[PDB]
């Protein structure tokens, strides 16, 4: 079927499945899984960091990432629309006892440093203790300006703040940048990697940072429930994906801007196109209707005034042609 709801719907490729069934495993609680360790070391090395850790979800990757950075009473400055603030049921505050300090991101997706500075609280018993600055490289598809990344890292060091990046779709950014992962990963103390979305993995996310940081991450992961056993089978896929599915992300990107043009031709009001994501202003009076129309044509989208269409390896251009045709028919 044609699914444009999220790149999270990506299913295992033939090659990936065999890599998995082939991978050697062990008990990762003891650290005896060759594959988990191999994936963790690859990411670490690939990003220029000391150590990495495998978690069940990107949600748990960020929760653990936040608990690891901030103690009870500390606070993190994040985007009002960032994932580890808005889309993680408020875990950091509810579970971690961390005060969140959200601020609106700028149009390009960055967090205005002048605003971040204004939110750093003085060492007064009145306020929470600002500790972390969280970013999200690839925010609703937008790739942060490389210069800004350098600026934030520099900014944080000057203010003694830790810097963490939600790299759910960090490889989309990499491919869009045209550089290596380590070249953007140098500007953050820690960052996450989701294997389950664009890279085509069934389950999996990674938190990468220095040795000590990750050791604290290990205690938190166990507590939050991520301490799995024979994760080797899952990690195997993650290794295969990092060595065979990063480059093709460019194919998704061209499909996004290709589709963006088709919908423009058809008459749909396209709001913007960034990486594997495009947004259309469908409208309130056409939301649910378009949903059904499509859903009928075996096309799955998230019905809404502003529909977010996401691309991935399980959607071809030909299939996009179909949806662009079905859409054109909708509007006229």
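Residue numbers count along the first chain shown, from 1.
Notebook entry, point to check: Looking only at CA atoms, which has the higher mean B factor in the entry: 287-295 or 59-67?
Noted result: Going by the record's values, the stretch with the higher mean is 287-295.
Next item on the list: Take the C-alpha B-factors listed in the entry for 171-179 and for 127-135, compute each mean, and give the stretch with the larger one.
Entry: Mean C-alpha B-factor is greater for 171-179.
Notebook entry, point to check: Going by the entry, which of 142, 221, 243, 211 has the most elevated CA B factor?
Noted result: Answer, based on the entry's C-alpha B-factors: 243.
Item checked: Peak C-alpha temperature factor (PDB record), options 51, 277, 271, 38 -> Answer for 51, 277, 271, 38: 271, with the highest C-alpha B-factor.
Note to self: When the deposited Cα B-factors of this chain's modelled residues are ordered and cut into thirds, is residue 261 in the lowest, the middle or the highest one?
What the structure shows: Highest third.
Next item on the list: Sorting the chain's modelled residues by C-alpha B-factor, tell me whether residue 9 ends up in the lowest, middle or highest third.
Entry: Its C-alpha B-factor, which the entry lists for residue 9, ranks in the middle third among residues of this chain.
Check: How does residue 17 rank on Cα B-factor within its chain, lowest, middle or highest third?
Finding: Highest third, going by the recorded CA B-factors of the chain.
Notebook entry, point to check: By the record's CA B-factor, is residue 310 among the lowest, middle or highest third of residues in the chain?
Noted result: CA B-factor rank for residue 310: lowest third.
Check: Ranked by Cα temperature factor within the chain, is residue 230 in the lowest third, the middle third or the highest third?
Finding: Highest third.
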